[PDB]
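S.K.: The file below is upload30.pdb, PDB, C-alpha atoms:
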```
ATOM      1  CA  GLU A   1     -17.984-194.047-137.368  1.00  0.00           C
ATOM      2  CA  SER A   2     -20.040-196.881-138.892  1.00  0.00           C
ATOM      3  CA  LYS A   3     -18.564-198.724-141.895  1.00  0.00           C
ATOM      4  CA  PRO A   4     -18.759-196.882-145.221  1.00  0.00           C
ATOM      5  CA  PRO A   5     -18.425-199.410-148.054  1.00  0.00           C
ATOM      6  CA  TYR A   6     -18.653-196.583-150.593  1.00  0.00           C
ATOM      7  CA  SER A   7     -16.492-193.455-150.384  1.00  0.00           C
ATOM      8  CA  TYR A   8     -18.440-190.407-149.158  1.00  0.00           C
ATOM      9  CA  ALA A   9     -18.083-188.854-152.628  1.00  0.00           C
ATOM     10  CA  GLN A  10     -19.017-191.940-154.680  1.00  0.00           C
ATOM     11  CA  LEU A  11     -21.581-193.090-152.138  1.00  0.00           C
ATOM     12  CA  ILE A  12     -23.425-189.786-152.634  1.00  0.00           C
ATOM     13  CA  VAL A  13     -23.372-190.030-156.454  1.00  0.00           C
ATOM     14  CA  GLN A  14     -25.578-193.152-156.379  1.00  0.00           C
ATOM     15  CA  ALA A  15     -27.765-191.171-153.943  1.00  0.00           C
ATOM     16  CA  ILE A  16     -28.472-187.945-155.877  1.00  0.00           C
ATOM     17  CA  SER A  17     -27.540-189.307-159.330  1.00  0.00           C
ATOM     18  CA  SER A  18     -29.984-192.204-158.792  1.00  0.00           C
ATOM     19  CA  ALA A  19     -32.598-190.066-157.005  1.00  0.00           C
ATOM     20  CA  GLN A  20     -35.195-188.138-159.050  1.00  0.00           C
ATOM     21  CA  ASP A  21     -33.130-186.036-161.496  1.00  0.00           C
ATOM     22  CA  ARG A  22     -29.735-185.800-159.764  1.00  0.00           C
ATOM     23  CA  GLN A  23     -30.178-183.763-156.556  1.00  0.00           C
ATOM     24  CA  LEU A  24     -31.141-184.630-152.963  1.00  0.00           C
ATOM     25  CA  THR A  25     -31.945-182.903-149.683  1.00  0.00           C
ATOM     26  CA  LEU A  26     -29.422-183.167-146.839  1.00  0.00           C
ATOM     27  CA  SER A  27     -31.406-186.256-145.761  1.00  0.00           C
ATOM     28  CA  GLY A  28     -31.556-187.928-149.192  1.00  0.00           C
ATOM     29  CA  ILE A  29     -28.447-190.078-149.235  1.00  0.00           C
ATOM     30  CA  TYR A  30     -29.340-191.226-145.742  1.00  0.00           C
ATOM     31  CA  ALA A  31     -32.637-192.626-147.002  1.00  0.00           C
ATOM     32  CA  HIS A  32     -30.519-194.082-149.849  1.00  0.00           C
ATOM     33  CA  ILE A  33     -27.881-196.366-148.288  1.00  0.00           C
ATOM     34  CA  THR A  34     -29.938-196.867-145.105  1.00  0.00           C
ATOM     35  CA  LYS A  35     -32.631-198.239-147.441  1.00  0.00           C
ATOM     36  CA  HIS A  36     -30.712-200.449-149.918  1.00  0.00           C
ATOM     37  CA  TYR A  37     -27.585-200.843-147.768  1.00  0.00           C
ATOM     38  CA  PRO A  38     -28.496-202.850-144.646  1.00  0.00           C
ATOM     39  CA  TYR A  39     -25.184-202.087-142.904  1.00  0.00           C
ATOM     40  CA  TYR A  40     -26.038-198.371-142.769  1.00  0.00           C
ATOM     41  CA  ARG A  41     -29.283-198.976-140.841  1.00  0.00           C
ATOM     42  CA  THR A  42     -28.276-199.478-137.189  1.00  0.00           C
ATOM     43  CA  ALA A  43     -24.862-197.776-137.347  1.00  0.00           C
ATOM     44  CA  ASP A  44     -25.433-194.279-138.771  1.00  0.00           C
ATOM     45  CA  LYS A  45     -24.213-192.118-135.871  1.00  0.00           C
ATOM     46  CA  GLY A  46     -21.000-191.229-137.740  1.00  0.00           C
ATOM     47  CA  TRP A  47     -21.084-190.709-141.527  1.00  0.00           C
ATOM     48  CA  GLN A  48     -24.360-188.856-140.922  1.00  0.00           C
ATOM     49  CA  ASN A  49     -22.492-185.545-140.485  1.00  0.00           C
ATOM     50  CA  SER A  50     -19.811-186.848-142.881  1.00  0.00           C
ATOM     51  CA  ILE A  51     -22.199-186.389-145.838  1.00  0.00           C
ATOM     52  CA  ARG A  52     -23.408-182.901-144.898  1.00  0.00           C
ATOM     53  CA  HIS A  53     -19.737-181.848-144.692  1.00  0.00           C
ATOM     54  CA  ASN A  54     -18.784-184.041-147.705  1.00  0.00           C
ATOM     55  CA  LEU A  55     -21.058-182.126-150.106  1.00  0.00           C
ATOM     56  CA  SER A  56     -19.173-178.990-149.036  1.00  0.00           C
ATOM     57  CA  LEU A  57     -15.602-179.920-150.034  1.00  0.00           C
ATOM     58  CA  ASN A  58     -16.665-182.519-152.657  1.00  0.00           C
ATOM     59  CA  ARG A  59     -15.557-181.628-156.204  1.00  0.00           C
ATOM     60  CA  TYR A  60     -18.668-182.913-158.040  1.00  0.00           C
ATOM     61  CA  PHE A  61     -21.424-182.150-155.517  1.00  0.00           C
ATOM     62  CA  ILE A  62     -22.491-178.554-154.954  1.00  0.00           C
ATOM     63  CA  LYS A  63     -25.274-176.732-153.077  1.00  0.00           C
ATOM     64  CA  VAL A  64     -28.376-175.441-154.875  1.00  0.00           C
ATOM     65  CA  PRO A  65     -28.351-171.875-156.233  1.00  0.00           C
ATOM     66  CA  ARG A  66     -31.082-169.367-155.327  1.00  0.00           C
ATOM     67  CA  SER A  67     -30.130-165.880-156.568  1.00  0.00           C
ATOM     68  CA  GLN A  68     -33.305-165.294-158.616  1.00  0.00           C
ATOM     69  CA  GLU A  69     -34.882-168.276-160.417  1.00  0.00           C
ATOM     70  CA  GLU A  70     -34.356-172.024-159.878  1.00  0.00           C
ATOM     71  CA  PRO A  71     -33.241-175.037-161.927  1.00  0.00           C
ATOM     72  CA  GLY A  72     -36.369-177.008-160.946  1.00  0.00           C
ATOM     73  CA  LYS A  73     -38.342-177.464-157.703  1.00  0.00           C
ATOM     74  CA  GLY A  74     -35.963-178.307-154.831  1.00  0.00           C
ATOM     75  CA  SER A  75     -33.766-176.604-152.206  1.00  0.00           C
ATOM     76  CA  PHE A  76     -30.530-178.427-151.329  1.00  0.00           C
ATOM     77  CA  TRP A  77     -27.520-179.796-153.247  1.00  0.00           C
ATOM     78  CA  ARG A  78     -26.707-182.279-156.033  1.00  0.00           C
ATOM     79  CA  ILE A  79     -23.821-183.618-158.154  1.00  0.00           C
ATOM     80  CA  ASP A  80     -21.956-181.681-160.855  1.00  0.00           C
ATOM     81  CA  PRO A  81     -23.459-181.573-164.340  1.00  0.00           C
ATOM     82  CA  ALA A  82     -20.424-182.383-166.521  1.00  0.00           C
ATOM     83  CA  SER A  83     -18.814-184.511-163.811  1.00  0.00           C
ATOM     84  CA  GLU A  84     -21.544-187.151-163.468  1.00  0.00           C
ATOM     85  CA  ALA A  85     -19.764-189.128-166.192  1.00  0.00           C
ATOM     86  CA  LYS A  86     -16.449-189.559-164.325  1.00  0.00           C
ATOM     87  CA  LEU A  87     -17.775-189.426-160.724  1.00  0.00           C
ATOM     88  CA  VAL A  88     -20.108-192.224-161.686  1.00  0.00           C
ATOM     89  CA  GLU A  89     -17.385-194.606-162.913  1.00  0.00           C
ATOM     90  CA  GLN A  90     -16.545-195.053-159.224  1.00  0.00           C
ATOM     91  CA  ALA A  91     -20.235-195.017-158.239  1.00  0.00           C
ATOM     92  CA  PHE A  92     -20.832-198.538-159.615  1.00  0.00           C
ATOM     93  CA  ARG A  93     -17.530-199.826-158.183  1.00  0.00           C
ATOM     94  CA  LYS A  94     -16.666-201.819-155.037  1.00  0.00           C
ATOM     95  CA  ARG A  95     -14.207-200.373-152.493  1.00  0.00           C
ATOM     96  CA  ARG A  96     -11.068-202.533-152.792  1.00  0.00           C
ATOM     97  CA  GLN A  97      -7.499-202.553-154.168  1.00  0.00           C
ATOM     98  CA  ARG A  98      -6.321-205.928-155.522  1.00  0.00           C
ATOM     99  CA  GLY A  99      -6.026-208.417-152.634  1.00  0.00           C
ATOM    100  CA  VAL A 100      -9.610-209.744-152.579  1.00  0.00           C
ATOM    101  CA  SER A 101     -11.315-210.464-155.926  1.00  0.00           C
TER     102      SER A 101
END
```
Please render this file's structure as structure tokens.

M.R.:
Amino acid sequence: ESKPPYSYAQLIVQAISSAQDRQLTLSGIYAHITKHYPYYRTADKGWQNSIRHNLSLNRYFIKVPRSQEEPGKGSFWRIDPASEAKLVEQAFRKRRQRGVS
């Protein structure tokens, strides 16, 4: 299960939102936290599939379209366009309630 310090919906925002434009391949976020976050380096045999499935039911993330043309040069998913303003407010936030400042 590992230990996700960032929700699997906010944790991804810093991934794609901070990546190139705002999209990432299924293995983008993994190179994200596993890179900057040291905790997600030896214990990743849990949230790994949590992200792939998280970008499915997430409300801001969505897969990449491919009916005729493309938005750029990639093939995977990203975060919502008009939701990156509110989904980001939690992106730069620590996971806590009000018992440990």

S.K.: Rounded to one decimal, what separation in Å do you get between CA of residue 60 (chain A) and CA of residue 83 (chain A)?

M.R.: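 One can read the CA of residue 60 (chain A) to CA of residue 83 (chain A) distance as 6.0 Å.
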
S.K.: Evaluate the PyMOL selection byres ((chain A and resi 29-43) around 9) against this structure - the residues, as a ChimeraX atom specification, please.

M.R.: /A:1-5,11-16,19,24-28,44-46,48,51

S.K.: Would you put the residues from that selection into a file with C-alpha atoms, as a PDB file, in the frame of the given file?

M.R.:
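Generated output (part.pdb):
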```
ATOM      1  CA  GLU A   1     -17.984-194.047-137.368  1.00  0.00           C
ATOM      2  CA  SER A   2     -20.040-196.881-138.892  1.00  0.00           C
ATOM      3  CA  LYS A   3     -18.564-198.724-141.895  1.00  0.00           C
ATOM      4  CA  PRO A   4     -18.759-196.882-145.221  1.00  0.00           C
ATOM      5  CA  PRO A   5     -18.425-199.410-148.054  1.00  0.00           C
ATOM      6  CA  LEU A  11     -21.581-193.090-152.138  1.00  0.00           C
ATOM      7  CA  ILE A  12     -23.425-189.786-152.634  1.00  0.00           C
ATOM      8  CA  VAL A  13     -23.372-190.030-156.454  1.00  0.00           C
ATOM      9  CA  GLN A  14     -25.578-193.152-156.379  1.00  0.00           C
ATOM     10  CA  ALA A  15     -27.765-191.171-153.943  1.00  0.00           C
ATOM     11  CA  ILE A  16     -28.472-187.945-155.877  1.00  0.00           C
ATOM     12  CA  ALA A  19     -32.598-190.066-157.005  1.00  0.00           C
ATOM     13  CA  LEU A  24     -31.141-184.630-152.963  1.00  0.00           C
ATOM     14  CA  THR A  25     -31.945-182.903-149.683  1.00  0.00           C
ATOM     15  CA  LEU A  26     -29.422-183.167-146.839  1.00  0.00           C
ATOM     16  CA  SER A  27     -31.406-186.256-145.761  1.00  0.00           C
ATOM     17  CA  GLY A  28     -31.556-187.928-149.192  1.00  0.00           C
ATOM     18  CA  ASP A  44     -25.433-194.279-138.771  1.00  0.00           C
ATOM     19  CA  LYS A  45     -24.213-192.118-135.871  1.00  0.00           C
ATOM     20  CA  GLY A  46     -21.000-191.229-137.740  1.00  0.00           C
ATOM     21  CA  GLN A  48     -24.360-188.856-140.922  1.00  0.00           C
ATOM     22  CA  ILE A  51     -22.199-186.389-145.838  1.00  0.00           C
TER      23      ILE A  51
END
```

S.K.: Counting all atoms listed in the file, figure out which residue out of A:94, A:23, A:100, A:9 gets nearest to residue 75 (chain A).

M.R.: A:23

S.K.: Provide the CA of residue 64 (chain A) to CA of residue 93 (chain A) distance in Å, to one decimal place.

M.R.: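 That distance, rounded to one decimal, is 26.9 Å.
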
S.K.: What's the separation between CA of residue 84 (chain A) and CA of residue 69 (chain A), in Å to one decimal place?

M.R.: 23.3 Å

S.K.: So which one's closest to residue 55 (chain A), A:76, A:17, A:88, A:82? Using only C-alpha atoms, please.

M.R.: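 Among the listed residues, the smallest separation from residue 55 (chain A) belongs to A:76.
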
S.K.: Enumerate, as a count of residues only, the protein, DNA and RNA residues whose atoms approach (-24.2, -178.8, -152.0) to within 8 Å, taking into account all atoms listed in the file and the coordinate frame of the file.

M.R.: 10

S.K.: Could the centre and edge lengths of an axis-aligned box, enclosing all atoms of region 1-19 of chain A in the file with 4 Å extra on each side, be given in Å to one decimal as lines of an AutoDock Vina configuration file?

M.R.:
```
center_x = -24.5
center_y = -193.7
center_z = -148.3
size_x = 24.1
size_y = 19.5
size_z = 30.0
```

S.K.: Hey, which of A:87, A:50, A:20, A:73 ends up closest to residue 8 (chain A)? Count all atoms listed in the file.

M.R.: A:50
